[PDB]
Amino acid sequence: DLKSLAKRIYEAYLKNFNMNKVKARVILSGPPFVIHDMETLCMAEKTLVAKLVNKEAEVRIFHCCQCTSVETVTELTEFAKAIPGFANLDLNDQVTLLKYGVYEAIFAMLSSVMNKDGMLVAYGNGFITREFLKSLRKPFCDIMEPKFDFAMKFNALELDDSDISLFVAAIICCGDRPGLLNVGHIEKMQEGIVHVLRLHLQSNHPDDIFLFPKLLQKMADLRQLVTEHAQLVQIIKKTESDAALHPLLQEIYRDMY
């Protein structure tokens, strides 16, 4: 019953996200083209985003990041639509939950394609190194390093996709978002998902008896990561003309934090 809510959420995760942790680990275990310097970035661009190539490399990369985000937002909207109870909410609350939750979910899921040396990109066909991203000019070199720091500690929890699907549902189904209309119903929806997450972790991770409170803390850490990311994005938009922001992403950030 609750086991079935957990399975339905996991099934919806496997169906709606192009990348999952099993798929990513297969690729990361050895084929992705390695982007480790300007030469290989330019090569990967010609093979994997050929239409895109011509501002500075950093602005081209930032454009690619946005395309990745827009795609993941669409996947999250479908996944959410598949979360039992979500589609019965007021359409305006559905928008609010997704507006505040998508980047928390994005950076949680990004951990699955990250290791200490770099991350998968372009639908698993590239691997960009962490040191290359640090090498970009300011402010672009400041984007990803806090996400790697989050991911190394998140990955140390050794969650699998059955855990992560419930965690992403719990992020989305969050009753304390600003502007909610039916807070009471959302809190009950959230309580039900968190209940299923709590029991699932007890079953799937009997070795780690604090895993549930650890994940509650990661949820709070993600909120802060998102606030800080949104601040950097605002600095980039105001100080870099070549770095326009996609309209869906402007809509999400607008009046967020």
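Residue numbers run from 1 along the displayed sequence. We call the rigid core the largest set of C-alpha positions that still match within 1.5 Å between the two forms.
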Note to self: Which segment is farther from the shown form on average in 9 other deposited structures of this protein after a rigid core fit, 80 to 88 or 167 to 175, going by CA atoms?
What the structure shows: 80 to 88
Notebook entry, point to check: Quick one: with the core lined up, is it 186 to 194 or 31 to 39 that wanders further in 9 other deposited structures of this protein, going by C-alpha RMS?
Noted result: 31 to 39
Margin query: Unmodelled residues of the deposited sequence between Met38 and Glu39: none, 1 to 3, 4 to 9, or 10 or more?
Written below: none
Notebook entry, point to check: Residues with no coordinates between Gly30 and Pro31 in the deposited sequence, how many: none, 1 to 3, 4 to 9, or 10 or more?
Noted result: 4 to 9
Next item on the list: Look over 245 to 253 and 11 to 19 in the entry and identify the one with the greater average Cα temperature factor.
Entry: 245 to 253
Check: According to the deposited model, is the average Cα temperature factor higher in 44 to 52 or in 202 to 210?
Finding: 44 to 52
Next item on the list: Specify which of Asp149, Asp176, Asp163, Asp117 carries the largest Cα B factor in the deposited PDB entry.
Entry: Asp176
Margin query: Quiz for you: based on the deposited Cα B-factor, which of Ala169, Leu159, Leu91, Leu136 is highest?
Written below: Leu91
Checklist line | CA B-factor ranking of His185, expressed as a third of its chain | finding: middle
Next item on the list: Going by the recorded CA B-factors, say which third of the chain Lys218 sits in, lowest, middle or highest.
Entry: lowest
Check: What third of its chain's C-alpha B-factors does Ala24 belong to: lowest, middle or highest?
Finding: lowest
Notebook entry, point to check: If you rank the chain by CA B-factor, which third does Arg130 end up in: lowest, middle or highest?
Noted result: lowest
Check: Among the chain's modelled residues, which third holds the C-alpha B-factor of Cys67?
Finding: highest
